[PDB]
Structures are given as structure tokens and as C-alpha cells.
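K.L.:
protein15.pdb is reproduced below (PDB, C-alpha atoms).
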ATOM      1  CA  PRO A 100      12.242   0.034 -10.220  1.00  0.00           C
ATOM      2  CA  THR A 101      13.127  -3.512  -9.185  1.00  0.00           C
ATOM      3  CA  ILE A 102      16.155  -5.803  -9.453  1.00  0.00           C
ATOM      4  CA  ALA A 103      15.598  -9.099 -11.254  1.00  0.00           C
ATOM      5  CA  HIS A 104      16.831 -11.843  -8.937  1.00  0.00           C
ATOM      6  CA  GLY A 105      18.041 -15.312  -9.841  1.00  0.00           C
ATOM      7  CA  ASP A 106      17.608 -16.818  -6.405  1.00  0.00           C
ATOM      8  CA  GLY A 107      14.098 -18.020  -5.705  1.00  0.00           C
ATOM      9  CA  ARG A 108      12.376 -15.221  -3.819  1.00  0.00           C
ATOM     10  CA  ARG A 109       8.952 -13.612  -3.827  1.00  0.00           C
ATOM     11  CA  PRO A 110       9.446 -10.984  -6.529  1.00  0.00           C
ATOM     12  CA  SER A 111       7.995  -7.510  -6.105  1.00  0.00           C
ATOM     13  CA  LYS A 112       6.181  -6.484  -9.276  1.00  0.00           C
ATOM     14  CA  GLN A 113       5.965  -2.980 -10.742  1.00  0.00           C
ATOM     15  CA  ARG A 114       5.282  -0.842  -7.665  1.00  0.00           C
ATOM     16  CA  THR A 115       4.073   2.757  -7.780  1.00  0.00           C
ATOM     17  CA  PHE A 116       3.592   4.982  -4.738  1.00  0.00           C
ATOM     18  CA  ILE A 117       0.922   7.683  -4.923  1.00  0.00           C
ATOM     19  CA  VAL A 118       1.660   9.974  -1.975  1.00  0.00           C
ATOM     20  CA  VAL A 119      -0.152  13.302  -1.699  1.00  0.00           C
ATOM     21  CA  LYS A 120       0.684  16.273   0.493  1.00  0.00           C
ATOM     22  CA  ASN A 121      -2.067  18.523   1.812  1.00  0.00           C
ATOM     23  CA  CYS A 122      -1.417  22.231   2.259  1.00  0.00           C
ATOM     24  CA  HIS A 123      -1.356  24.090   5.561  1.00  0.00           C
ATOM     25  CA  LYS A 124      -3.137  27.318   6.478  1.00  0.00           C
ATOM     26  CA  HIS A 125      -1.573  29.991   8.684  1.00  0.00           C
ATOM     27  CA  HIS A 126      -3.726  33.019   9.511  1.00  0.00           C
ATOM     28  CA  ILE A 127      -1.940  35.848  11.322  1.00  0.00           C
ATOM     29  CA  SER A 128      -3.408  39.076  12.657  1.00  0.00           C
ATOM     30  CA  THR A 129      -2.179  41.957  14.770  1.00  0.00           C
ATOM     31  CA  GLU A 130      -4.396  44.676  16.213  1.00  0.00           C
ATOM     32  CA  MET A 131      -3.734  48.398  15.846  1.00  0.00           C
ATOM     33  CA  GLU A 132      -5.694  51.274  17.354  1.00  0.00           C
ATOM     34  CA  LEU A 133      -6.560  54.785  16.188  1.00  0.00           C
ATOM     35  CA  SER A 134      -8.052  57.601  18.230  1.00  0.00           C
ATOM     36  CA  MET A 135     -11.345  59.060  17.066  1.00  0.00           C
ATOM     37  CA  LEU A 136      -9.819  62.510  17.519  1.00  0.00           C
ATOM     38  CA  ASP A 137      -7.227  61.456  14.917  1.00  0.00           C
ATOM     39  CA  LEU A 138     -10.055  60.537  12.520  1.00  0.00           C
ATOM     40  CA  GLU A 139     -12.435  63.469  13.003  1.00  0.00           C
ATOM     41  CA  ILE A 140      -9.577  65.702  11.827  1.00  0.00           C
ATOM     42  CA  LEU A 141      -8.691  63.280   9.015  1.00  0.00           C
ATOM     43  CA  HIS A 142     -12.249  63.453   7.649  1.00  0.00           C
ATOM     44  CA  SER A 143     -12.517  67.257   7.708  1.00  0.00           C
ATOM     45  CA  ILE A 144     -11.049  70.093   5.663  1.00  0.00           C
ATOM     46  CA  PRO A 145      -9.095  72.860   7.424  1.00  0.00           C
ATOM     47  CA  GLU A 146      -8.892  76.594   6.743  1.00  0.00           C
ATOM     48  CA  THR A 147      -6.378  77.671   9.455  1.00  0.00           C
ATOM     49  CA  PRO A 148      -2.592  77.172   9.738  1.00  0.00           C
TER
ATOM     50  CA  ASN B1284      40.185 -31.091   6.349  1.00  0.00           C
ATOM     51  CA  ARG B1285      40.415 -30.543   2.576  1.00  0.00           C
ATOM     52  CA  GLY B1286      42.807 -28.312   0.661  1.00  0.00           C
ATOM     53  CA  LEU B1287      43.767 -24.791   1.663  1.00  0.00           C
ATOM     54  CA  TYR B1288      42.971 -23.656  -1.880  1.00  0.00           C
ATOM     55  CA  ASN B1289      39.623 -25.432  -1.441  1.00  0.00           C
ATOM     56  CA  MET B1290      38.809 -24.155   2.054  1.00  0.00           C
ATOM     57  CA  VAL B1291      39.271 -20.568   0.918  1.00  0.00           C
ATOM     58  CA  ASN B1292      36.995 -21.332  -2.039  1.00  0.00           C
ATOM     59  CA  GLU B1293      34.342 -23.021   0.151  1.00  0.00           C
ATOM     60  CA  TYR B1294      34.585 -20.043   2.527  1.00  0.00           C
ATOM     61  CA  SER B1295      33.557 -17.317   0.075  1.00  0.00           C
ATOM     62  CA  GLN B1296      31.431 -19.476  -2.266  1.00  0.00           C
ATOM     63  CA  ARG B1297      28.218 -18.812  -0.246  1.00  0.00           C
ATOM     64  CA  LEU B1298      28.483 -21.952   1.851  1.00  0.00           C
ATOM     65  CA  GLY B1299      26.279 -20.798   4.770  1.00  0.00           C
ATOM     66  CA  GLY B1300      27.445 -23.846   6.686  1.00  0.00           C
ATOM     67  CA  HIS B1301      27.008 -22.215  10.099  1.00  0.00           C
ATOM     68  CA  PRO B1302      24.820 -19.143   9.499  1.00  0.00           C
ATOM     69  CA  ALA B1303      22.425 -17.204  11.723  1.00  0.00           C
ATOM     70  CA  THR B1304      19.334 -15.063  11.301  1.00  0.00           C
ATOM     71  CA  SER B1305      20.156 -11.399  10.815  1.00  0.00           C
ATOM     72  CA  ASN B1306      17.341  -9.248  12.300  1.00  0.00           C
ATOM     73  CA  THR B1307      15.303 -12.030  14.020  1.00  0.00           C
ATOM     74  CA  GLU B1308      14.550 -11.053  17.680  1.00  0.00           C
ATOM     75  CA  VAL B1309      15.381 -14.674  18.732  1.00  0.00           C
ATOM     76  CA  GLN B1310      18.482 -16.109  16.976  1.00  0.00           C
ATOM     77  CA  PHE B1311      17.750 -18.936  14.510  1.00  0.00           C
ATOM     78  CA  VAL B1312      19.606 -20.725  11.724  1.00  0.00           C
ATOM     79  CA  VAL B1313      18.589 -19.618   8.239  1.00  0.00           C
ATOM     80  CA  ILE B1314      16.707 -21.976   5.922  1.00  0.00           C
ATOM     81  CA  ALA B1315      19.251 -21.818   3.063  1.00  0.00           C
ATOM     82  CA  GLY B1316      19.199 -18.027   2.926  1.00  0.00           C
ATOM     83  CA  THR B1317      20.537 -16.380  -0.224  1.00  0.00           C
ATOM     84  CA  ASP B1318      19.022 -12.978   0.648  1.00  0.00           C
ATOM     85  CA  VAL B1319      21.380 -12.231   3.542  1.00  0.00           C
ATOM     86  CA  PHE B1320      25.108 -11.670   3.038  1.00  0.00           C
ATOM     87  CA  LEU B1321      27.408 -13.094   5.690  1.00  0.00           C
ATOM     88  CA  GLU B1322      30.695 -14.915   6.123  1.00  0.00           C
ATOM     89  CA  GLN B1323      31.904 -16.776   9.202  1.00  0.00           C
ATOM     90  CA  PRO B1324      35.687 -16.797   9.791  1.00  0.00           C
ATOM     91  CA  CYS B1325      35.171 -18.718  13.039  1.00  0.00           C
ATOM     92  CA  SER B1326      34.032 -21.676  10.930  1.00  0.00           C
ATOM     93  CA  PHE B1327      37.109 -21.480   8.691  1.00  0.00           C
ATOM     94  CA  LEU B1328      40.000 -21.196  11.155  1.00  0.00           C
ATOM     95  CA  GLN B1329      38.028 -22.674  14.086  1.00  0.00           C
ATOM     96  CA  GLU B1330      38.874 -20.237  16.899  1.00  0.00           C
ATOM     97  CA  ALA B1331      36.650 -18.135  19.153  1.00  0.00           C
ATOM     98  CA  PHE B1332      37.834 -14.781  20.439  1.00  0.00           C
TER
END
I'd like the structure from this file rewritten - as C-alpha cells, please.

P.N.:
Amino acid sequence: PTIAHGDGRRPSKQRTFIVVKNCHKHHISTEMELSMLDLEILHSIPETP
Amino acid sequence: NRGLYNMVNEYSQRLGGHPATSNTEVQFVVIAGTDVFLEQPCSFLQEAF
């Protein structure tokens, strides 16, 4: 909005700001390890206590 | 030199008898500025501090 002024000045008309905001992108990654001996037992079936 | 009830009127009645530029880098006198708001008590009672 704008104030109407009585003193002679250069009057700003109906202004309108169009400001956009672009998103960010955060990509996080840790790195875990697993032994192959802990997978060759995971992908078998046991018949022993 | 005029009346005390006239020289308190002419003080606050937007005289701008001895004004200065507000934000100008080099000080100037204003060209009949109604945009700025200022009052000079050193022009009324005529004493520098």
C-alpha cells in the first residue's frame, strides 16, 4: 500500500513484489559394513543348536 | 524580532528557514523540502553549544 501525499512529490503507484524462494537439496549418507561370514549364515538354514 | 507567540508558531510551522540535507554525503541546503522532518532550535534562540 501507499500513502496519498499532499505535498508535491513523485508518487509511487500500486507496487507489487513477486519474490520467489528456491528450495535447497541436502543429501546425506553414512557407510556401514557387514562381513560376508555374517551373510553366508544369514542366507542358510541351520539344523544344529 | 516579532512576537514570542509568533516565533514559537513560526518555529514549528515547517519554516525550514535554515535547514540541511539529511543523508547527503556532502551537506547541502534543501530545496524547500517537505519530505524531511526537522526543527532547528539554534535558529530560534540563536545560541550555539

K.L.:
Could you list, as a PyMOL selection string, the residues of chain B having an atom within 12 Å of chain A when counting all atoms listed in the file?

P.N.:
chain B and resi 1315-1319

K.L.:
One number please: CA of residue 1310 (chain B) to CA of residue 1322 (chain B), in Å, one decimal.

P.N.:
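CA of residue 1322 (chain B) lies at a distance of 16.4 Å from CA of residue 1310 (chain B).
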
K.L.:
Quick one: which residues end up in the PyMOL selection byres ((chain B and resi 1313) around 7) for this structure, as number ranges by chain?

P.N.:
B: 1302-1304, 1311-1312, 1314-1316

K.L.:
What is the distance between CA of residue 1296 (chain B) and CA of residue 101 (chain A), in Å to one decimal?

P.N.:
25.3 Å

K.L.:
Could you check how far CA of residue 1287 (chain B) sits from CA of residue 1301 (chain B), in Å to one decimal?

P.N.:
18.9 Å

K.L.:
Evaluate the PyMOL selection byres ((chain B and resi 1323) around 12) and record the selected residues as a PyMOL selection string, following the chain and residue labels used in the document.

P.N.:
chain B and resi 1291+1293-1303+1320-1322+1324-1331

K.L.:
Just checking: using all atoms listed in the file, which residue out of A:135, A:141, A:125, A:100 ends up closest to residue 112 (chain A)?

P.N.:
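Closest to residue 112 (chain A), using all atoms listed in the file: A:100.
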
K.L.:
Can you list what the PyMOL selection byres ((chain A and resi 113) around 12) grabs from this structure, as a list in words?

P.N.:
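Those residues are residues 100, 101, 102, 103, 110, 111, 112, 114, 115 and 116 of chain A.
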
K.L.:
Keeping only C-alpha atoms, write the selected residues as a short mmCIF file (atom, residue, chain, number, x, y, z; two decimals), keeping the file's coordinate frame.

P.N.:
data_model
loop_
_atom_site.label_atom_id
_atom_site.label_comp_id
_atom_site.auth_asym_id
_atom_site.auth_seq_id
_atom_site.Cartn_x
_atom_site.Cartn_y
_atom_site.Cartn_z
CA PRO A 100 12.24 0.03 -10.22
CA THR A 101 13.13 -3.51 -9.18
CA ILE A 102 16.16 -5.80 -9.45
CA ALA A 103 15.60 -9.10 -11.25
CA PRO A 110 9.45 -10.98 -6.53
CA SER A 111 8.00 -7.51 -6.10
CA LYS A 112 6.18 -6.48 -9.28
CA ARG A 114 5.28 -0.84 -7.66
CA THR A 115 4.07 2.76 -7.78
CA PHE A 116 3.59 4.98 -4.74
#

K.L.:
To test the calculation: enclose all listed atoms of region 113-130 of chain A in a box whose edges run along x, y and z, add 8 Å on each side, then state centre and edge lengths in Å to one decimal, as AutoDock Vina command-line options.

P.N.:
--center_x 0.8 --center_y 20.8 --center_z 2.7 --size_x 26.4 --size_y 63.7 --size_z 43.0
